[PDB]
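Engineer: Let me begin by handing over the structure; questions about it come next.
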Amino acid sequence: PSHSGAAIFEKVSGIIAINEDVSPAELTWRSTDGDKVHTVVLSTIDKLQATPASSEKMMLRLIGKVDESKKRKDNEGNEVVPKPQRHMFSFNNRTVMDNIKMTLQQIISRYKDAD
């Protein structure tokens, strides 16, 4: 279960799954309740940031590039004004965050192959 692991998003915890069967791939997030499901685009991730090993708080932040006038906006608080969107996640498990972090990094490398 390296591609899928529990992760928090917006003070809410749920299971995070990595969907690569599509194109571009996407990271799915299902709440613990299973009533709310969030999907993230891995193609719009210029990079992947994570908390240091010296921080008891496990959180992985993803940079949603800067310019996205051509890319469809999430519509969830995004305005016409071009601005960089970042998604900060909170992990309740070091091993779980490490399983996703390393897995998410692989996807990046895959995007580089394209160009």
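Scheme for the structure tokens: letters A, B, ... for chains in order shown; per-chain residue numbers from 1; ligand numbers from 1 in order shown.
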Quick one: residues within 8 Å of segment 48-52 of chain A, only C-alpha atoms counted, chain neighbours fewer than 5 positions away excluded, as a VMD selection string?
Structural biologist: chain A and resid 57 to 63 101 104 to 105
Engineer: Excluding segment 6-17 of chain A and any residue of its chain fewer than 5 positions from it, enumerate the residues within 7 Å of it, using only C-alpha atoms, and give them as a PyMOL selection string.
Structural biologist: chain A and resi 27-32+89-92+96
Engineer: Please save N, CA, C and O atoms of the selected residues as a short mmCIF file (atom, residue, chain, number, x, y, z; two decimals), in the first residue's frame.
Structural biologist:
```cif
data_model
loop_
_atom_site.label_atom_id
_atom_site.label_comp_id
_atom_site.auth_asym_id
_atom_site.auth_seq_id
_atom_site.Cartn_x
_atom_site.Cartn_y
_atom_site.Cartn_z
N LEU A 27 -3.98 12.36 -7.45
CA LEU A 27 -3.99 11.86 -6.08
C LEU A 27 -5.36 12.04 -5.46
O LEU A 27 -5.85 13.16 -5.31
N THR A 28 -6.00 10.93 -5.10
CA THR A 28 -7.31 10.95 -4.51
C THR A 28 -7.24 10.96 -2.99
O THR A 28 -6.35 10.35 -2.39
N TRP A 29 -8.19 11.65 -2.37
CA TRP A 29 -8.26 11.75 -0.92
C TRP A 29 -9.69 11.53 -0.44
O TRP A 29 -10.57 12.36 -0.67
N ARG A 30 -9.91 10.41 0.24
CA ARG A 30 -11.24 10.11 0.77
C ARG A 30 -11.26 10.32 2.27
O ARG A 30 -10.40 9.80 2.99
N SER A 31 -12.23 11.09 2.76
CA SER A 31 -12.33 11.37 4.18
C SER A 31 -12.55 10.09 4.97
O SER A 31 -12.95 9.06 4.41
N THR A 32 -12.28 10.15 6.26
CA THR A 32 -12.45 9.01 7.14
C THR A 32 -13.90 8.55 7.12
O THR A 32 -14.20 7.37 7.26
N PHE A 89 -0.51 18.94 3.06
CA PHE A 89 -1.16 17.79 3.68
C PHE A 89 -0.55 17.48 5.04
O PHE A 89 0.61 17.79 5.30
N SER A 90 -1.34 16.86 5.91
CA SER A 90 -0.89 16.49 7.24
C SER A 90 -0.92 14.98 7.42
O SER A 90 -1.98 14.36 7.31
N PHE A 91 0.24 14.39 7.69
CA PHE A 91 0.33 12.95 7.86
C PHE A 91 0.34 12.56 9.33
O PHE A 91 1.05 13.15 10.14
N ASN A 92 -0.44 11.54 9.66
CA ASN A 92 -0.51 11.04 11.02
C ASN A 92 0.39 9.82 11.19
O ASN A 92 0.31 9.11 12.19
N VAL A 96 3.83 6.29 6.78
CA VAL A 96 2.80 6.54 5.78
C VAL A 96 3.19 7.72 4.90
O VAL A 96 2.95 7.71 3.69
#
```
Engineer: What residues in chain A get the DSSP label alpha helix (DSSP H)? Please answer as a PyMOL selection string.
Structural biologist: chain A and resi 94-114
Engineer: Within chain A, find each residue whose DSSP state, derived from the backbone, is strand (DSSP E or B), and express the selection as JSON, numbers by chain.
Structural biologist: {"A": [4, 5, 6, 7, 8, 13, 14, 15, 16, 17, 18, 19, 26, 27, 28, 29, 30, 31, 37, 38, 39, 40, 41, 47, 48, 49, 50, 58, 59, 60, 61, 62, 63, 64, 85, 86, 87, 88, 89, 90, 91]}
Engineer: For segment 106-108 of chain A, please output as a list in words all residues within 10 Å (counting only C-alpha atoms; exclusion window: fewer than 4 positions along the same chain).
Structural biologist: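 Here the answer would be residues 18, 20, 25, 26, 42, 43, 45, 46, 47, 48, 100, 101, 102, 112 and 113 of chain A.
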Engineer: Any idea what's packed within 9 Å of residue 98 of chain A, counting only C-alpha atoms, ignoring anything in its chain fewer than 5 positions away? Could you give it as a list in words?
Structural biologist: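 What passes the distance filter is residues 2, 93 and 103 of chain A.
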Engineer: Counting only C-alpha atoms, which residue out of A:5, A:87, A:44, A:77 sits closest to residue 65 of chain A?
Structural biologist: A:44
Engineer: Rounded to one decimal, what separation in Å do you get between atom CA of residue 84 of chain A and atom CA of residue 111 of chain A?
Structural biologist: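 Atom CA of residue 111 of chain A lies at a distance of 19.3 Å from atom CA of residue 84 of chain A.
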Engineer: Pick out the closest residue to residue 67 of chain A from this set: A:83, A:36, A:54, A:99. Count only C-alpha atoms.
Structural biologist: A:83
